[PDB]
Every structure is written in structure tokens, then in C-alpha cells.
Amino acid sequence: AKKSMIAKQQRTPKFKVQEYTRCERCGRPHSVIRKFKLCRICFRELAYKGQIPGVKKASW
Amino acid sequence: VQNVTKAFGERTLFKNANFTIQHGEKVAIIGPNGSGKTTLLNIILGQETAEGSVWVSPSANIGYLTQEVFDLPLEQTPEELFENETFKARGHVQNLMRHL
Amino acid sequence: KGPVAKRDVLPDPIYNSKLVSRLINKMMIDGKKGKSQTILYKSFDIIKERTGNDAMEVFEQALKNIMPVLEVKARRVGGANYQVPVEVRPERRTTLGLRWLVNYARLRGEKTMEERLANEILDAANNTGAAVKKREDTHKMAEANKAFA
Amino acid sequence: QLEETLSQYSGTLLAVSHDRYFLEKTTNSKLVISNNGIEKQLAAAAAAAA
RNA sequence: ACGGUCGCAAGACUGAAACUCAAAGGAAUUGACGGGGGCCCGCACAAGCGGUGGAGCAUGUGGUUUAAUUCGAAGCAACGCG
RNA sequence: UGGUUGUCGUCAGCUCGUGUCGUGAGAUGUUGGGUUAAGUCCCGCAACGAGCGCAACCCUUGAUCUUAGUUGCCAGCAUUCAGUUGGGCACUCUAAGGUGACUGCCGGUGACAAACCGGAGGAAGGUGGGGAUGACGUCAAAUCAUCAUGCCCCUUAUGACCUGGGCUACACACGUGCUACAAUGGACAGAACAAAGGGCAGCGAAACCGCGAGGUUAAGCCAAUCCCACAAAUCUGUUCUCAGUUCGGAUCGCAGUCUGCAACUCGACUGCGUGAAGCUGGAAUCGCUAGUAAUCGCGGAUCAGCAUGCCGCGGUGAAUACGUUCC
RNA sequence: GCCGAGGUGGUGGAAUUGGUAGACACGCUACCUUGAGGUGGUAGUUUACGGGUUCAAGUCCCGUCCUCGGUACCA
């Protein structure tokens, strides 16, 4: 069950509280960041591949 | 026991003897002849010219033993004396404790 | 590796001593110098009141009674557990004296550590006292094991 | 047996005893009553350790 | 082992076969290890300060109950982990 | 299996070219002396080199010079309930470019080296503090459940929808954590001080009501302005006086509040009442060398709502390091 | 059937009426130590039965059940 669940999130449910955040590139909840609307590992991959214009390696 | 003083007319024993003992320790009290050993415990435990301050725990259950044998409810049986509630309270508590 | 050294702050607004601020930094619970300074000055004011002296001299006299000459370290060879007596260098004399004051003061039990530390200084002045149990017992351990040095 | 079990006793004992050998099992601190009041000793405390 | 010689004895000497294996072995190399030696280093030890283990609860995991107690981690390097 | 990680381990190692020695496996460099945090660097050497590592460059903090002054700052200039107004770029601050610390300079030691110990300057002294960076490889370690996947299996089902339950069970053990056991304490009142970060169907002032959780109307703010946001330990007074309590809050009954179709299993919070175990913990065991440990609050993700977890932030702020005998 | 003997914790077993689910040595359980076991260290589970005597019972007494052995029918 992957594309069915992605499709179910891409629907409009019965109630607004059934709406939950999801991947948009690599299908999974648990740690989809609201800002990027992206999964965590896919954020790490794309931010390594020079995309996602804000994030570089952090040090302070 | 802070700032304690005990005198008997002119017979003065204690003067400003500040000591403080808490739970859980072995306190040996040694007097060669007449150091008031018996007198201190009476003026720890009582009033009557404990001059100063003797504070003790209010909820502590101090079990006292005397030097002198003059605190018996005389002519009573040890049956009536010792609190023996039901059945083994005579045997398993008390009479075994006596004979043993 | 090698030895590294440390520092400490010189004055106290009453009682201008190094070692009294060393005791202020000692007995600090959870990062509160304010409570230890209040406890310390109320205790030294009790020591100035109850005995009509300046509490500096009573405090150093108590230190002189507590500061141990001889630690006894360990030296295990085989199954022997030998203890070896060490001449203490005087920095550690001062700091073991301050630890024993602070620890046995708060270990005594009275109706403030103001009173507990004050009475512990008053006992270590007139040498018989609680930290001086540790002084005597360390010197007895060094006296018995003096065969190794 | 009172010399023995009072060692295994769970503290807060005030043991006046004119014996020298009974207290060798029931002593941690001493109160030597003397001239001009008490002497709270925690050891032998003789000769004014220097 | 049998036979034989020697021996008071213990045994010595001479000395197979059936059977069984595709190794046994020597010297040397590289490593790893030592309750081997040396030197060094790390909150590793010591010197300290505060804890955990005791109590209550939060949380996670083992077992067990289950209709299901979803799946994945399992010494350090799983167990307020996905 | 790809991809992506842990661990040894930020340990200081791991290799190659060409050469020589050895029948060969191999050796050599890479070992030795000093030195380092370092296979760092020097010197000697059958080796001369080189690469991946180490360091340095990168980010932050420590200071000063220049630019740049609003929403930031208020020194002199008067008005202010108020830095509010006018005024000013001095000062802090912000964010850009710099400068700056390199054993550079002194003395001493040491082969004369490399380096080390003290000294001077300096905001900064010997990789200044920290981060990011994680070599060849080890554990057929972990991930087929983020993804992509070779092979095998199911297929009107091992696929799909829907509601309901469960992932929160509970006799037990076991890791991590929170709160206490109390006078450096508990309660009450007064006074002050932060940093970092978030806010558009969101942050939400102020007023009003409610003891309180909160409620209704709503200003300003796409934000150095406005909001979150009244920091807390601290300091100072009042009060208790060492008890299972004016400690501690488990658990529990009733009545509430918010979020959201909906809080029964299964949400957080409040109010009243109840108040337990616990009076500093056996064998054993863990973290930390300085703005650290201890302690105190604050913030943000996630998210309608759920934080004692995690990730950052400041506040106060120590004790000790003799040494390498032992693990 | 008769006589003699013993019936305790998983085990072997001491206890002259006076405190034992066990007091003594093992097992057993929970933890610790160790990579994981073992050793080691810490804590933990009604006297065959039923009815009395007794202030008190494993014990003293009356009965029942089991097992060892001697003493019999028979092979």
C-alpha cells in the first residue's frame, strides 16, 4: 500500500482533521517539514544536490 | 540541648553545655562517680531547672530505662502488667519472650 | 599532560580574605553564591557574637586544627592493598580542611547551616569536633602505616 | 546478649554505663561529664591534640 | 598385538596387520592475541562535583495476554530509537 | 543490491609509483633519535617521492578600523506617561568590507635543527573556545518500511474502500527521564536582569468577564517597529520551625475550560476535596577538566489539539586534575 | 495381614513443648559483574493429614494415609 495511501492524502477527505502532512516526493509521513512540504530524507538528498535554495551545512 | 545549666542549691553540675545529637548514633555517657549521668536524662526528659534550652523531637518515642528500681505498679501480676491482647499475644509475643 | 593551575577571587566585602571566598565558592548548591554568602556572613557574625573575637582568627584556628599533614594514598602491588603515607602539599591541606568543615557542618544537623557551620567552627577551634574526627583518623592511618613512606 | 544486640540496634541510644567493656560494643561518640559541665567527645580527646 | 629372548618384578629389545585419513610436518612471512616487555594517549584511571540503582510518575524495550496488541533495531554500536 | 548511515574514531593511521634486498610469501619507504594534538615536523637511514588521512582554507565567538543609520541607539539639545517628538551618528547595536595571532619577538634549554619552558606586547598565545569536515577498512552491523530495486510469491487478493478497535493491554523485569525526600526549605508580598527563535485564513496587543484554565470585541504586525513575551532561579521583607509536616505530589471523586466531526478506551489544562510511596537509596554503576558540571527558566519544530522527549537559547555558576600504580 | 522404622521446601536433612516457608548446606527466582554463560556479590520462597491438651504443638496424646524392612500364602 503506497500509491493508494499517497492518493488518499491527495484527496479531500470528509473532514479537515483527517488531513495530514505527507511527502510530495518520497511517500511517507513522520517528519515532513511544513516549510518545504518535503520528506526528511528527500530534503537531505535534494539539499545535497544543490537544490532547495536556502539550506547549506550549519555551523555557529 | 543548648546552653544548659543545672544546679542543686549551691551544688552546680551543668553550665552552658551545648551539645546536639540526632538520630542513628551510639551516644555513650560516662561519669566516673557523680557527673549527673542520671541527672542529665532527667533534665533532658523533664522540667525543673533545666536552665537554658532542651529541645527534643515531639514525635519521637523515647523508651526510658532507670537506674533505680522504683517504677513498678507493685502487687500486680505480670499477666495484668504486660499487654497481652489475644492468644499468641501471651505465647508468641510474651511468654516465649519471658521464658526464652 | 602536565599540571594545570587555577584562580580565585581576592576580596570579601566584610572579612577581606581569599580563603573565605574560597569557602563561598565551596558549599554552593546548584550555582547559588548568594545563599552561601548569606549563610557565611550570618555564621561569622554568630562566631563574632557568641565568642567575643573576630571570626577570622577563630576560623584560621579551626583550619589549623583540621588541616591534615599526612594523607595516605594507595599503592597496590600484588594482592597487598598497601597504603602509602603522603606529605600533603599545603594547597591540599587548605582544601581538605574546607571540605571537612563544609561536609561535617551540613552533616551535623541544627536549625540552620548558619548555626551548623558556626558551631562546627566553634568546635574545630576548641579542637574537639566533627571534622577533627577525620583529622585524627587520617593521622592514625598514617601513624600505623608509616613503614612505607 | 544486650552487649551484642545493641550493636545491631538501629540507632538513637544514650548508653550510660560505668563499665569499660560494655561500651566497647555500644559507643560511637561520648559525653564525658566533667568539671564545669559536659565534654562532647567524638574520640579519646585527651591531651588537647595540637 | 602375537611369537621369541632377557628380567625376581616393573618392563626392555625385536616388531607387524586388519582398519583409518588426505593430510601430519619443518622453516619463514603478514596479522591478531598474551593473566609478555617498553613507550604513549583519551573524563579511561586517580583528584573532585553531581547522579543512576531505592520511591512516584512520564517514556521506550523485553516477556505475557490477546481479534490485533502493525512492522523495523537487539552488547559496546537496540531500548524518550524510525 | 544501489543509495544512505552507525562503530572503531578526529583514533592517526592506510596505501601506491619507481628502486633495491629476499627462491618466495614478503620487506623497504611507514623503522631509529628528538618532537607533536597528529605518519606534525626535523635529523639519521636503502630509499626517493607521492596519494588518501592530520593541519590550514570554511562557519561561529573573542577585538578594533572604515562604510552604512531605521524600525536600532540617546551622549550632549530642549519637549516626554513613556526614545514619545523634534535633533544626532557620536555610543551600543546590526550586516558588509577590512585589520588582527603568525612561536611573530625576547631570554633560556636543546645538534646549530625541529621543537620546548619562561618573558614582553596584546582583546585574543601557542591547533585562542567551539562547530562543520569522519581515510583504507571492520561488524555479510542497520535500512526491500523513505526511495529505487534483481530474484521469488499473491492476484475478484498478500490488492482497494469504509466504520470500529488496537499500536496507550499488565502479573513482571529493564534502559533513559521528570519530581521529591526539605531550612541553601515551604508559602506570601516587593524589586530587577536575558538570549535565541517563530507569526498570514497565522502572531494576536488593549478592554471586559471568569478564582483559574480561559471567554467576547479587537489595535498593530508579512514583522530590529507589532505580537508571542508578565523570564525563572536571584535579591529583599513577612510567615512556619524539623513532622511523613505549611515537605512532596502520586492516586482518586465531583464540577469545569480549550482544541477539534468527535477527548469512552485514548488529549492538555484549571477549580475544589482527598492526599499516598518517599526522611538522601544494597551489590553495582554514569556524566563532566570551565562559562564546563550542577541548577533556573525561555524558544522552535512536529502539530487543529497533544513534550517530562529532542533541538537551540540565555541566568547564576563551581570542586578538582598530584599523577599513569590499576581498569 | 502382624511386628519394627520414617513421613519437612525441588534435595539431603538437624530441631530436649518456647517461634522457622523455614534455622543449616544445596538447588530456585529477581538483579549485578561478564560479549554471553560458570564462579563470585546483593535481595527473595504451613513440619503426611485431621481433631484435641496447652498461654504456648514438628514435638505431648487419639485416629487415618504412604514408604522402607522382618514375618506368610503361592510360584
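Note that the numbers count up from 1, one per residue, in the order the chain is shown.
Header entry for method reads electron microscopy, 3.5 Å.
Heads up, the Cβ atoms here are built off N, Cα and C, so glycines get one too.
Under the heading Zn(2+) binding site, Swiss-Prot lists A:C23, A:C26, A:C39, A:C42. Under DSSP, A:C39 (Zn(2+) binding site) is assigned to a strand (E or B) in the three-state scheme. Within the same chain, residues at least 6 positions away in sequence whose Cβ sits under 8 Å from that of A:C39 (Zn(2+) binding site) are A:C23, A:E24, A:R25, A:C26, A:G27, A:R28, A:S31, A:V32.
When other Cβ atoms within 10 Å of the Cβ of A:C23 (Zn(2+) binding site) are tallied across all protein chains shown, the result is 18. With the fewest other C-beta atoms within 10 Å around its C-beta, A:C26 stands out among the binding-site residues A:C26, A:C42. In sequence order, A:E24, A:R25, A:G27, A:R28, A:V32, A:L38, A:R40, A:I41, A:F43 are the same-chain residues whose CB sits within 8 A of the CB centroid of A:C23, A:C26, A:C39, A:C42, the residues recorded for Zn(2+) being left out.
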